[PDB]
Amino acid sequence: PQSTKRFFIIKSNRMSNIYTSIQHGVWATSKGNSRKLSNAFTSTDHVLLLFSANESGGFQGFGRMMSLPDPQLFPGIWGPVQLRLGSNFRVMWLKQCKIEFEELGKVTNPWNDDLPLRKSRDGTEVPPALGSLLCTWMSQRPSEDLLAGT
């Protein structure tokens, strides 16, 4: 199905993933999520990725998926974990910020079995009404220098 904008939660297990992603405009995900994001990319004007570190209580920003997984793109940049991921794809971060799940109140996701937004696993899609607002709220905050003090 075609659509204009779709929105996916991305979880990061180590902060260095986010720092590498910001420095080089790149991401990779599990093989199943890679297929899901690739299918969205070719049928949707904009695929937005909303980044949330495992260890954090919220989002560190959001970006646009710019290209499909490409085995030639930054091969092995994540280290040996590359062996259990799909191929790398380009991402343009549109905002670096700090927004806590708790700042949003107790939001649940009807496209994820009524789970709290804060319990979203990697690759969880959110409905556009919620995804658009999350991105709007992130954009309206001061940018956070995520790489400061790292």
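Numbering starts at 1 and follows the sequence shown.
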State which stretch shows the higher mean Cα B factor in the entry: 59-67 or 30-38. 30-38
Looking only at CA atoms, which has the higher mean B factor in the entry: 3-11 or 140-148? 140-148
Tell me, please, which of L94, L49, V107, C97 has the highest C-alpha B factor according to the deposited entry? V107
Would you mind finding, among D45, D113, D122, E102, the residue with the largest C-alpha temperature factor in the entry? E102
If you rank the chain by CA B-factor, which third does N88 end up in: lowest, middle or highest? lowest
Would the CA B-factor of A129 place it in the lowest, middle or highest third of its chain? highest
